[PDB]
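Asker: Take this structure first; my questions come after.
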Amino acid sequence: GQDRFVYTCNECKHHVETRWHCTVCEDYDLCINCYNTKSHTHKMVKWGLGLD
Ligand SMILES: [Zn+2]
Ligand SMILES: [Zn+2]
């Protein structure tokens, strides 16, 4: 999910201002903490606006 400065963590299914985003999955996302632990190993991108 995305907005011009908002995003989601598809692991929290809550909003984030900075996400890791799977370009494999259908616009799947992870906040920093989830990316750091949930070990999503796929071809991603990152969009960030506050806590990169
Ligand atoms: Zn993925
Ligand atoms: Zn998360």
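Every number in this text was worked out from the coordinates using simple rules, so none of it is lab data. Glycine also receives a Cβ, built like all others from the backbone with ideal geometry; neighbour counts cover every protein chain displayed.
Asker: Restricting the stretch 16-52 to residues that are assigned to a strand (DSSP E or B) and in contact with a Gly (Cβ under 8 Å, 6 or more places away or on another chain), which is farthest from ligand 1 (Cβ to nearest atom)?
Answerer: Filtering the stretch 16-52 for residues assigned to a strand (DSSP E or B) gives 16, 19-22, 29-30, 44-47.
Cutting the leftovers down to in contact with a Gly (Cβ under 8 Å, 6 or more places away or on another chain) gives us 19, 29.
Details: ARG19: 12, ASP29: 9 Å.
My answer is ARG19.
Asker: Within the stretch 32-52, restricting attention to residues that are surrounded by fewer than 13 Cβ atoms within 10 Å (Cβ to Cβ) and of a type in the set (A, V, I, L, M), which residue is nearest to ligand 2 (Cβ to nearest atom)?
Answerer: Filtering first and then ranking leaves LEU51.
Asker: Given the structure, is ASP29 within 14 Å of ligand 2 (Cβ to nearest atom) and either among the charged types (D, E, K, R) or in contact with a helix residue (DSSP H, G or I) (Cβ under 9 Å, 6 or more places away or on another chain) (or both)? Lay out the reasoning, then the answer.
Answerer: Working: within 14 Å of ligand 2 (Cβ to nearest atom): yes; either among the charged types (D, E, K, R) or in contact with a helix residue (DSSP H, G or I) (Cβ under 9 Å, 6 or more places away or on another chain) (or both): yes.
It is true that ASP29 is within 14 Å of ligand 2 (Cβ to nearest atom) and either among the charged types (D, E, K, R) or in contact with a helix residue (DSSP H, G or I) (Cβ under 9 Å, 6 or more places away or on another chain) (or both).
Asker: Being within 12 Å of ligand 2 (Cβ to nearest atom) and exposed (fewer than 14 other Cβ atoms within 10 Å of the Cβ): is that true of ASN10 here? Spell out the reasoning first.
Answerer: Numbers: within 12 Å of ligand 2 (Cβ to nearest atom): yes; exposed (fewer than 14 other Cβ atoms within 10 Å of the Cβ): no.
Spelling it out, it is not the case that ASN10 is within 12 Å of ligand 2 (Cβ to nearest atom) and exposed (fewer than 14 other Cβ atoms within 10 Å of the Cβ).
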